[PDB]
file coords-v7.pdb (PDB, C-alpha atoms and all ligand atoms)
ATOM      1  CA  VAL A  11      -4.837  22.847 -17.992  1.00  0.00           C
ATOM      2  CA  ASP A  12      -6.105  19.280 -18.401  1.00  0.00           C
ATOM      3  CA  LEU A  13      -6.309  18.515 -14.712  1.00  0.00           C
ATOM      4  CA  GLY A  14      -8.004  15.260 -15.693  1.00  0.00           C
ATOM      5  CA  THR A  15      -4.485  13.849 -16.073  1.00  0.00           C
ATOM      6  CA  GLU A  16      -4.478  14.016 -12.259  1.00  0.00           C
ATOM      7  CA  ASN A  17      -7.558  11.799 -12.005  1.00  0.00           C
ATOM      8  CA  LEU A  18      -5.743   9.326  -9.756  1.00  0.00           C
ATOM      9  CA  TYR A  19      -4.718  12.016  -7.240  1.00  0.00           C
ATOM     10  CA  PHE A  20      -8.399  12.657  -6.576  1.00  0.00           C
ATOM     11  CA  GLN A  21      -9.292   8.964  -6.647  1.00  0.00           C
ATOM     12  CA  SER A  22      -6.425   8.201  -4.289  1.00  0.00           C
ATOM     13  CA  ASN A  23      -7.403  10.878  -1.799  1.00  0.00           C
ATOM     14  CA  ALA A  24     -11.032   9.707  -1.853  1.00  0.00           C
ATOM     15  CA  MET A  25      -9.951   6.104  -1.233  1.00  0.00           C
ATOM     16  CA  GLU A  26      -7.694   7.078   1.652  1.00  0.00           C
ATOM     17  CA  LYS A  27     -10.440   9.237   3.177  1.00  0.00           C
ATOM     18  CA  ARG A  28     -12.869   6.348   2.866  1.00  0.00           C
ATOM     19  CA  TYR A  29     -10.508   3.720   4.309  1.00  0.00           C
ATOM     20  CA  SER A  30      -9.454   6.001   7.172  1.00  0.00           C
ATOM     21  CA  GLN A  31     -13.029   5.956   8.459  1.00  0.00           C
ATOM     22  CA  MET A  32     -13.628   2.218   8.113  1.00  0.00           C
ATOM     23  CA  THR A  33     -13.793  -0.244  10.970  1.00  0.00           C
ATOM     24  CA  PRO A  34     -11.530  -3.329  10.800  1.00  0.00           C
ATOM     25  CA  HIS A  35     -14.520  -5.437   9.776  1.00  0.00           C
ATOM     26  CA  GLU A  36     -15.334  -3.012   6.959  1.00  0.00           C
ATOM     27  CA  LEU A  37     -11.698  -3.103   5.761  1.00  0.00           C
ATOM     28  CA  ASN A  38     -11.743  -6.894   5.761  1.00  0.00           C
ATOM     29  CA  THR A  39     -14.986  -6.849   3.726  1.00  0.00           C
ATOM     30  CA  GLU A  40     -13.434  -4.379   1.262  1.00  0.00           C
ATOM     31  CA  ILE A  41     -10.315  -6.527   0.894  1.00  0.00           C
ATOM     32  CA  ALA A  42     -12.410  -9.652   0.303  1.00  0.00           C
ATOM     33  CA  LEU A  43     -14.431  -7.913  -2.419  1.00  0.00           C
ATOM     34  CA  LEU A  44     -11.295  -6.529  -4.066  1.00  0.00           C
ATOM     35  CA  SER A  45      -9.648  -9.955  -3.879  1.00  0.00           C
ATOM     36  CA  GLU A  46     -12.583 -11.643  -5.587  1.00  0.00           C
ATOM     37  CA  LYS A  47     -12.441  -9.083  -8.420  1.00  0.00           C
ATOM     38  CA  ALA A  48      -8.665  -9.598  -8.669  1.00  0.00           C
ATOM     39  CA  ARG A  49      -9.086 -13.356  -8.868  1.00  0.00           C
ATOM     40  CA  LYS A  50     -11.392 -12.891 -11.806  1.00  0.00           C
ATOM     41  CA  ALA A  51      -8.995 -10.530 -13.548  1.00  0.00           C
ATOM     42  CA  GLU A  52      -6.139 -12.975 -12.963  1.00  0.00           C
ATOM     43  CA  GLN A  53      -8.095 -15.932 -14.336  1.00  0.00           C
ATOM     44  CA  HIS A  54      -8.751 -14.011 -17.565  1.00  0.00           C
ATOM     45  CA  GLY A  55      -5.264 -12.507 -17.869  1.00  0.00           C
ATOM     46  CA  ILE A  56      -6.537  -8.940 -17.556  1.00  0.00           C
ATOM     47  CA  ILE A  57      -3.185  -7.745 -16.234  1.00  0.00           C
ATOM     48  CA  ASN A  58      -3.706  -3.969 -16.165  1.00  0.00           C
ATOM     49  CA  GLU A  59      -6.886  -4.295 -14.117  1.00  0.00           C
ATOM     50  CA  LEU A  60      -5.361  -6.959 -11.879  1.00  0.00           C
ATOM     51  CA  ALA A  61      -2.605  -4.467 -11.080  1.00  0.00           C
ATOM     52  CA  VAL A  62      -5.047  -1.647 -10.283  1.00  0.00           C
ATOM     53  CA  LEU A  63      -6.961  -3.953  -7.911  1.00  0.00           C
ATOM     54  CA  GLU A  64      -3.791  -5.225  -6.242  1.00  0.00           C
ATOM     55  CA  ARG A  65      -2.576  -1.700  -5.590  1.00  0.00           C
ATOM     56  CA  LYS A  66      -5.921  -0.979  -3.888  1.00  0.00           C
ATOM     57  CA  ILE A  67      -5.599  -4.176  -1.827  1.00  0.00           C
ATOM     58  CA  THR A  68      -2.090  -3.247  -0.733  1.00  0.00           C
ATOM     59  CA  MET A  69      -3.470   0.078   0.444  1.00  0.00           C
ATOM     60  CA  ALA A  70      -6.491  -1.338   2.227  1.00  0.00           C
ATOM     61  CA  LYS A  71      -4.201  -3.763   4.037  1.00  0.00           C
ATOM     62  CA  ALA A  72      -2.081  -0.871   5.279  1.00  0.00           C
ATOM     63  CA  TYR A  73      -5.180   0.533   7.028  1.00  0.00           C
ATOM     64  CA  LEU A  74      -5.631  -2.705   8.988  1.00  0.00           C
ATOM     65  CA  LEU A  75      -2.131  -2.434  10.414  1.00  0.00           C
ATOM     66  CA  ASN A  76      -0.998  -0.214  13.284  1.00  0.00           C
ATOM     67  CA  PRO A  77       1.637   2.366  12.359  1.00  0.00           C
ATOM     68  CA  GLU A  78       3.079   2.112  15.869  1.00  0.00           C
ATOM     69  CA  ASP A  79       4.203  -1.446  15.159  1.00  0.00           C
ATOM     70  CA  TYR A  80       6.789  -0.020  12.737  1.00  0.00           C
ATOM     71  CA  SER A  81       9.895   1.705  13.968  1.00  0.00           C
ATOM     72  CA  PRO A  82      11.919   4.614  12.597  1.00  0.00           C
ATOM     73  CA  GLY A  83      15.509   3.391  12.285  1.00  0.00           C
ATOM     74  CA  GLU A  84      14.559  -0.241  11.728  1.00  0.00           C
ATOM     75  CA  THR A  85      15.139  -1.989   8.391  1.00  0.00           C
ATOM     76  CA  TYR A  86      12.547  -4.267   6.760  1.00  0.00           C
ATOM     77  CA  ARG A  87      12.351  -6.474   3.735  1.00  0.00           C
ATOM     78  CA  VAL A  88      10.145  -5.034   0.992  1.00  0.00           C
ATOM     79  CA  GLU A  89       7.555  -7.710   0.204  1.00  0.00           C
ATOM     80  CA  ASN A  90       8.094  -9.694  -3.016  1.00  0.00           C
ATOM     81  CA  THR A  91      11.462  -8.026  -3.696  1.00  0.00           C
ATOM     82  CA  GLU A  92      15.033  -8.619  -2.522  1.00  0.00           C
ATOM     83  CA  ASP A  93      15.319  -5.022  -1.299  1.00  0.00           C
ATOM     84  CA  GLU A  94      15.652  -3.711   2.310  1.00  0.00           C
ATOM     85  CA  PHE A  95      14.031  -0.481   3.427  1.00  0.00           C
ATOM     86  CA  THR A  96      15.069   1.592   6.417  1.00  0.00           C
ATOM     87  CA  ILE A  97      12.329   3.735   7.934  1.00  0.00           C
ATOM     88  CA  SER A  98      13.032   7.455   8.495  1.00  0.00           C
ATOM     89  CA  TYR A  99       9.567   8.262   9.835  1.00  0.00           C
ATOM     90  CA  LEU A 100       5.906   7.357   9.599  1.00  0.00           C
ATOM     91  CA  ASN A 101       3.039   9.475   8.287  1.00  0.00           C
ATOM     92  CA  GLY A 102      -0.470   8.140   7.887  1.00  0.00           C
ATOM     93  CA  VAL A 103      -0.223   4.561   6.621  1.00  0.00           C
ATOM     94  CA  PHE A 104       3.119   5.169   4.911  1.00  0.00           C
ATOM     95  CA  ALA A 105       6.672   4.717   5.971  1.00  0.00           C
ATOM     96  CA  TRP A 106       9.035   7.349   4.581  1.00  0.00           C
ATOM     97  CA  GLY A 107      12.590   6.099   4.308  1.00  0.00           C
ATOM     98  CA  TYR A 108      15.034   4.674   1.800  1.00  0.00           C
ATOM     99  CA  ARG A 109      16.092   1.422   0.204  1.00  0.00           C
ATOM    100  CA  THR A 110      19.610   0.267   1.124  1.00  0.00           C
ATOM    101  CA  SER A 111      20.216  -0.025  -2.635  1.00  0.00           C
ATOM    102  CA  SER A 112      19.302   3.675  -3.225  1.00  0.00           C
ATOM    103  CA  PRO A 113      20.144   5.381   0.076  1.00  0.00           C
ATOM    104  CA  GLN A 114      20.255   8.816  -1.534  1.00  0.00           C
ATOM    105  CA  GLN A 115      16.525   8.654  -2.364  1.00  0.00           C
ATOM    106  CA  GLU A 116      13.977   9.246   0.347  1.00  0.00           C
ATOM    107  CA  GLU A 117      10.664   7.695  -0.580  1.00  0.00           C
ATOM    108  CA  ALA A 118       7.375   6.402   0.692  1.00  0.00           C
ATOM    109  CA  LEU A 119       5.988   2.857   0.923  1.00  0.00           C
ATOM    110  CA  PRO A 120       2.717   1.632   2.465  1.00  0.00           C
ATOM    111  CA  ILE A 121       3.389  -0.133   5.768  1.00  0.00           C
ATOM    112  CA  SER A 122       1.671  -3.235   4.385  1.00  0.00           C
ATOM    113  CA  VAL A 123       4.690  -4.044   2.178  1.00  0.00           C
ATOM    114  CA  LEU A 124       7.231  -4.001   5.019  1.00  0.00           C
ATOM    115  CA  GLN A 125       8.121  -7.439   6.351  1.00  0.00           C
ATOM    116  CA  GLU A 126      10.239  -7.956   9.440  1.00  0.00           C
ATOM    117  CA  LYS A 127      13.653  -9.402   8.538  1.00  0.00           C
ATOM    118  CA  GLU A 128      14.273 -13.154   8.689  1.00  0.00           C
TER     119      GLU A 128
HETATM  120 CL    CL A 201      -6.809   3.092   0.597  1.00  0.00          CL
END
call {"tool": "encode", "arguments": {"input": "coords-v7.pdb", "output": "structure tokens"}}
result
Amino acid sequence: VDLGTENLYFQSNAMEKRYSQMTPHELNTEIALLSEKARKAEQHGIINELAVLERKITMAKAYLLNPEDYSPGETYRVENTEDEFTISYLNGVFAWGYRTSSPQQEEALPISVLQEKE
């Protein structure tokens, strides 16, 4: 068993544990540092790395938000897409629900990507 293929499960859990204990100021500092590294990756076209950093930023941003500001049963726009996502329930910093374009698939998205409808 090459459990190393699951490297990101352990990295992800460590990140979430770390962010869950941060103050808002610490999260803002983390996001600023990640954003500066992302800017550098973007300016050099290092796409893979830019994507890794942006996924971390999206997660850090979810820890700054308040899960109670999101409502089960409400439908939101998924940031940077033309999709709509209806929330089934919240757990941690994620909203479990489904996209109106794939209503047979329950799935989870960080609350930071849910935008109130316009
Ligand atoms: Cl995180």
call {"tool": "residues_near_point", "arguments": {"input": "coords-v7.pdb", "point": "(9.4, -1.5, -4.9)", "cutoff": "8 Å", "atoms": "all atoms listed in the file", "output": "JSON, numbers by chain"}}
result
{"A": [88, 91, 93]}
call {"tool": "residues_near_ligand", "arguments": {"input": "coords-v7.pdb", "ligand": "ligand CL 201 (chain A)", "cutoff": "6 Å", "atoms": "all atoms listed in the file", "output": "list in words"}}
result
residues 25, 26, 29, 69 and 70 of chain A
call {"tool": "residues_around", "arguments": {"input": "coords-v7.pdb", "residues": "residue 107 of chain A", "least_positions_apart": "5", "cutoff": "12 Å", "atoms": "only C-alpha atoms", "output": "ChimeraX atom specification"}}
result
/A:80-86,88,94-101,112-121,124
call {"tool": "write_last_selection", "arguments": {"input": "coords-v7.pdb", "atoms": "C-alpha atoms", "output": "compact mmCIF listing (two decimals), in the coordinates of the input"}}
result
# COMPACT_ATOMS: atom_id res chain seq x y z
CA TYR A 80 6.79 -0.02 12.74
CA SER A 81 9.90 1.70 13.97
CA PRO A 82 11.92 4.61 12.60
CA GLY A 83 15.51 3.39 12.28
CA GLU A 84 14.56 -0.24 11.73
CA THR A 85 15.14 -1.99 8.39
CA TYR A 86 12.55 -4.27 6.76
CA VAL A 88 10.14 -5.03 0.99
CA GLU A 94 15.65 -3.71 2.31
CA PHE A 95 14.03 -0.48 3.43
CA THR A 96 15.07 1.59 6.42
CA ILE A 97 12.33 3.74 7.93
CA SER A 98 13.03 7.46 8.49
CA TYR A 99 9.57 8.26 9.84
CA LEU A 100 5.91 7.36 9.60
CA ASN A 101 3.04 9.48 8.29
CA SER A 112 19.30 3.68 -3.22
CA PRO A 113 20.14 5.38 0.08
CA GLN A 114 20.26 8.82 -1.53
CA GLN A 115 16.52 8.65 -2.36
CA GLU A 116 13.98 9.25 0.35
CA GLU A 117 10.66 7.70 -0.58
CA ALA A 118 7.38 6.40 0.69
CA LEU A 119 5.99 2.86 0.92
CA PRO A 120 2.72 1.63 2.46
CA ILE A 121 3.39 -0.13 5.77
CA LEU A 124 7.23 -4.00 5.02
call {"tool": "atom_distance", "arguments": {"input": "coords-v7.pdb", "atom1": "atom CA of residue 27 of chain A", "atom2": "atom CA of residue 49 of chain A"}}
result
25.6 Å
call {"tool": "residues_near_point", "arguments": {"input": "coords-v7.pdb", "point": "(-3.0, -1.3, 11.9)", "cutoff": "12 Å", "atoms": "all atoms listed in the file", "output": "PyMOL selection string"}}
result
chain A and resi 29-30+32-34+37+69-80+102-104+120-122
call {"tool": "residues_around", "arguments": {"input": "coords-v7.pdb", "residues": "residue 48 of chain A", "least_positions_apart": "3", "cutoff": "9 Å", "atoms": "all atoms listed in the file", "output": "list in words"}}
result
residues 43, 44, 45, 51, 52, 53, 59, 60, 61, 62, 63 and 64 of chain A
call {"tool": "decode", "arguments": {"input": "coords-v7.pdb", "residues": "segment 11-44 of chain A", "atoms": "N, CA, C and O atoms", "output": "PDB file, in the first residue's frame"}}
result
ATOM      1  N   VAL A  11       0.824  -1.244   0.000  1.00  0.00           N
ATOM      2  CA  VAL A  11       0.000   0.000   0.000  1.00  0.00           C
ATOM      3  C   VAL A  11       0.846   1.276   0.000  1.00  0.00           C
ATOM      4  O   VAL A  11       1.514   1.595   0.989  1.00  0.00           O
ATOM      5  N   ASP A  12       0.806   2.005  -1.110  1.00  0.00           N
ATOM      6  CA  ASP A  12       1.551   3.251  -1.236  1.00  0.00           C
ATOM      7  C   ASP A  12       0.621   4.372  -0.798  1.00  0.00           C
ATOM      8  O   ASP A  12       0.043   5.099  -1.614  1.00  0.00           O
ATOM      9  N   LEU A  13       0.496   4.506   0.514  1.00  0.00           N
ATOM     10  CA  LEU A  13      -0.371   5.509   1.099  1.00  0.00           C
ATOM     11  C   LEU A  13       0.103   6.914   0.757  1.00  0.00           C
ATOM     12  O   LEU A  13      -0.623   7.881   0.963  1.00  0.00           O
ATOM     13  N   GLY A  14       1.320   7.030   0.219  1.00  0.00           N
ATOM     14  CA  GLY A  14       1.833   8.336  -0.159  1.00  0.00           C
ATOM     15  C   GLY A  14       0.969   8.964  -1.254  1.00  0.00           C
ATOM     16  O   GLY A  14       1.009  10.178  -1.463  1.00  0.00           O
ATOM     17  N   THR A  15       0.203   8.140  -1.966  1.00  0.00           N
ATOM     18  CA  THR A  15      -0.681   8.677  -3.002  1.00  0.00           C
ATOM     19  C   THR A  15      -1.752   9.532  -2.347  1.00  0.00           C
ATOM     20  O   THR A  15      -2.402  10.326  -3.027  1.00  0.00           O
ATOM     21  N   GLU A  16      -1.931   9.361  -1.034  1.00  0.00           N
ATOM     22  CA  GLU A  16      -2.919  10.118  -0.266  1.00  0.00           C
ATOM     23  C   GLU A  16      -2.301  11.302   0.459  1.00  0.00           C
ATOM     24  O   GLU A  16      -2.895  11.842   1.394  1.00  0.00           O
ATOM     25  N   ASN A  17      -1.116  11.715   0.000  1.00  0.00           N
ATOM     26  CA  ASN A  17      -0.397  12.838   0.576  1.00  0.00           C
ATOM     27  C   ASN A  17      -1.303  14.033   0.868  1.00  0.00           C
ATOM     28  O   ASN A  17      -1.266  14.598   1.963  1.00  0.00           O
ATOM     29  N   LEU A  18      -2.117  14.411  -0.119  1.00  0.00           N
ATOM     30  CA  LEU A  18      -2.976  15.575   0.012  1.00  0.00           C
ATOM     31  C   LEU A  18      -4.094  15.444   1.049  1.00  0.00           C
ATOM     32  O   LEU A  18      -4.567  16.466   1.553  1.00  0.00           O
ATOM     33  N   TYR A  19      -4.498  14.212   1.375  1.00  0.00           N
ATOM     34  CA  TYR A  19      -5.485  14.030   2.448  1.00  0.00           C
ATOM     35  C   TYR A  19      -4.828  14.538   3.745  1.00  0.00           C
ATOM     36  O   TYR A  19      -5.428  15.288   4.540  1.00  0.00           O
ATOM     37  N   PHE A  20      -3.587  14.120   3.970  1.00  0.00           N
ATOM     38  CA  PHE A  20      -2.944  14.523   5.223  1.00  0.00           C
ATOM     39  C   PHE A  20      -2.599  16.005   5.198  1.00  0.00           C
ATOM     40  O   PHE A  20      -2.753  16.679   6.225  1.00  0.00           O
ATOM     41  N   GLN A  21      -2.208  16.523   4.042  1.00  0.00           N
ATOM     42  CA  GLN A  21      -1.884  17.947   3.959  1.00  0.00           C
ATOM     43  C   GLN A  21      -3.128  18.778   4.169  1.00  0.00           C
ATOM     44  O   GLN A  21      -3.093  19.807   4.855  1.00  0.00           O
ATOM     45  N   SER A  22      -4.230  18.311   3.577  1.00  0.00           N
ATOM     46  CA  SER A  22      -5.515  18.995   3.684  1.00  0.00           C
ATOM     47  C   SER A  22      -6.013  19.027   5.125  1.00  0.00           C
ATOM     48  O   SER A  22      -6.456  20.081   5.616  1.00  0.00           O
ATOM     49  N   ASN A  23      -5.951  17.889   5.820  1.00  0.00           N
ATOM     50  CA  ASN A  23      -6.387  17.875   7.192  1.00  0.00           C
ATOM     51  C   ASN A  23      -5.532  18.779   8.079  1.00  0.00           C
ATOM     52  O   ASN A  23      -6.056  19.427   8.970  1.00  0.00           O
ATOM     53  N   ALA A  24      -4.222  18.826   7.824  1.00  0.00           N
ATOM     54  CA  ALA A  24      -3.325  19.658   8.602  1.00  0.00           C
ATOM     55  C   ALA A  24      -3.671  21.122   8.385  1.00  0.00           C
ATOM     56  O   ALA A  24      -3.711  21.891   9.339  1.00  0.00           O
ATOM     57  N   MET A  25      -3.929  21.485   7.130  1.00  0.00           N
ATOM     58  CA  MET A  25      -4.272  22.871   6.782  1.00  0.00           C
ATOM     59  C   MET A  25      -5.566  23.301   7.465  1.00  0.00           C
ATOM     60  O   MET A  25      -5.655  24.390   8.053  1.00  0.00           O
ATOM     61  N   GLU A  26      -6.569  22.434   7.398  1.00  0.00           N
ATOM     62  CA  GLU A  26      -7.855  22.734   8.009  1.00  0.00           C
ATOM     63  C   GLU A  26      -7.691  22.852   9.523  1.00  0.00           C
ATOM     64  O   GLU A  26      -8.255  23.743  10.134  1.00  0.00           O
ATOM     65  N   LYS A  27      -6.886  21.978  10.126  1.00  0.00           N
ATOM     66  CA  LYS A  27      -6.693  22.046  11.573  1.00  0.00           C
ATOM     67  C   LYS A  27      -6.037  23.377  11.923  1.00  0.00           C
ATOM     68  O   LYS A  27      -6.416  24.053  12.881  1.00  0.00           O
ATOM     69  N   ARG A  28      -5.044  23.747  11.134  1.00  0.00           N
ATOM     70  CA  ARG A  28      -4.314  24.985  11.354  1.00  0.00           C
ATOM     71  C   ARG A  28      -5.221  26.209  11.203  1.00  0.00           C
ATOM     72  O   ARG A  28      -5.264  27.069  12.081  1.00  0.00           O
ATOM     73  N   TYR A  29      -5.965  26.268  10.100  1.00  0.00           N
ATOM     74  CA  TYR A  29      -6.854  27.408   9.857  1.00  0.00           C
ATOM     75  C   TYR A  29      -7.970  27.521  10.891  1.00  0.00           C
ATOM     76  O   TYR A  29      -8.384  28.619  11.241  1.00  0.00           O
ATOM     77  N   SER A  30      -8.459  26.382  11.365  1.00  0.00           N
ATOM     78  CA  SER A  30      -9.556  26.362  12.330  1.00  0.00           C
ATOM     79  C   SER A  30      -9.180  27.009  13.656  1.00  0.00           C
ATOM     80  O   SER A  30     -10.050  27.392  14.424  1.00  0.00           O
ATOM     81  N   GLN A  31      -7.883  27.131  13.907  1.00  0.00           N
ATOM     82  CA  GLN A  31      -7.407  27.698  15.166  1.00  0.00           C
ATOM     83  C   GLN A  31      -6.884  29.124  15.021  1.00  0.00           C
ATOM     84  O   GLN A  31      -6.499  29.759  16.009  1.00  0.00           O
ATOM     85  N   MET A  32      -6.894  29.630  13.793  1.00  0.00           N
ATOM     86  CA  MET A  32      -6.422  30.984  13.529  1.00  0.00           C
ATOM     87  C   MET A  32      -7.443  32.069  13.826  1.00  0.00           C
ATOM     88  O   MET A  32      -8.660  31.889  13.675  1.00  0.00           O
ATOM     89  N   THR A  33      -6.928  33.215  14.249  1.00  0.00           N
ATOM     90  CA  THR A  33      -7.755  34.386  14.479  1.00  0.00           C
ATOM     91  C   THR A  33      -8.004  35.027  13.106  1.00  0.00           C
ATOM     92  O   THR A  33      -7.297  34.719  12.138  1.00  0.00           O
ATOM     93  N   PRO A  34      -8.994  35.928  12.998  1.00  0.00           N
ATOM     94  CA  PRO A  34      -9.240  36.561  11.698  1.00  0.00           C
ATOM     95  C   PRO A  34      -7.998  37.288  11.175  1.00  0.00           C
ATOM     96  O   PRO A  34      -7.708  37.270   9.977  1.00  0.00           O
ATOM     97  N   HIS A  35      -7.256  37.928  12.074  1.00  0.00           N
ATOM     98  CA  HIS A  35      -6.055  38.632  11.649  1.00  0.00           C
ATOM     99  C   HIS A  35      -5.043  37.634  11.079  1.00  0.00           C
ATOM    100  O   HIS A  35      -4.415  37.896  10.039  1.00  0.00           O
ATOM    101  N   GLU A  36      -4.883  36.491  11.744  1.00  0.00           N
ATOM    102  CA  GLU A  36      -3.952  35.487  11.245  1.00  0.00           C
ATOM    103  C   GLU A  36      -4.394  34.944   9.884  1.00  0.00           C
ATOM    104  O   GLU A  36      -3.552  34.667   9.032  1.00  0.00           O
ATOM    105  N   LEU A  37      -5.701  34.792   9.672  1.00  0.00           N
ATOM    106  CA  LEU A  37      -6.190  34.296   8.376  1.00  0.00           C
ATOM    107  C   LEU A  37      -5.905  35.336   7.297  1.00  0.00           C
ATOM    108  O   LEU A  37      -5.484  35.012   6.190  1.00  0.00           O
ATOM    109  N   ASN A  38      -6.120  36.608   7.630  1.00  0.00           N
ATOM    110  CA  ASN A  38      -5.851  37.655   6.653  1.00  0.00           C
ATOM    111  C   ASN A  38      -4.367  37.683   6.297  1.00  0.00           C
ATOM    112  O   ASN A  38      -4.024  37.921   5.143  1.00  0.00           O
ATOM    113  N   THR A  39      -3.495  37.469   7.281  1.00  0.00           N
ATOM    114  CA  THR A  39      -2.045  37.456   7.028  1.00  0.00           C
ATOM    115  C   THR A  39      -1.706  36.282   6.108  1.00  0.00           C
ATOM    116  O   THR A  39      -0.952  36.421   5.157  1.00  0.00           O
ATOM    117  N   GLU A  40      -2.282  35.125   6.402  1.00  0.00           N
ATOM    118  CA  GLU A  40      -2.065  33.915   5.597  1.00  0.00           C
ATOM    119  C   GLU A  40      -2.506  34.132   4.152  1.00  0.00           C
ATOM    120  O   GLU A  40      -1.796  33.757   3.212  1.00  0.00           O
ATOM    121  N   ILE A  41      -3.676  34.740   3.973  1.00  0.00           N
ATOM    122  CA  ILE A  41      -4.203  34.998   2.642  1.00  0.00           C
ATOM    123  C   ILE A  41      -3.311  35.990   1.894  1.00  0.00           C
ATOM    124  O   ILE A  41      -3.060  35.839   0.710  1.00  0.00           O
ATOM    125  N   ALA A  42      -2.799  36.997   2.599  1.00  0.00           N
ATOM    126  CA  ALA A  42      -1.913  37.958   1.935  1.00  0.00           C
ATOM    127  C   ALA A  42      -0.632  37.277   1.464  1.00  0.00           C
ATOM    128  O   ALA A  42      -0.154  37.540   0.355  1.00  0.00           O
ATOM    129  N   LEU A  43      -0.058  36.414   2.303  1.00  0.00           N
ATOM    130  CA  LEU A  43       1.166  35.715   1.943  1.00  0.00           C
ATOM    131  C   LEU A  43       0.914  34.773   0.766  1.00  0.00           C
ATOM    132  O   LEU A  43       1.710  34.708  -0.167  1.00  0.00           O
ATOM    133  N   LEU A  44      -0.197  34.043   0.815  1.00  0.00           N
ATOM    134  CA  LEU A  44      -0.525  33.140  -0.286  1.00  0.00           C
ATOM    135  C   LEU A  44      -0.745  33.916  -1.584  1.00  0.00           C
ATOM    136  O   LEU A  44      -0.323  33.469  -2.660  1.00  0.00           O
TER     137      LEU A  44
END
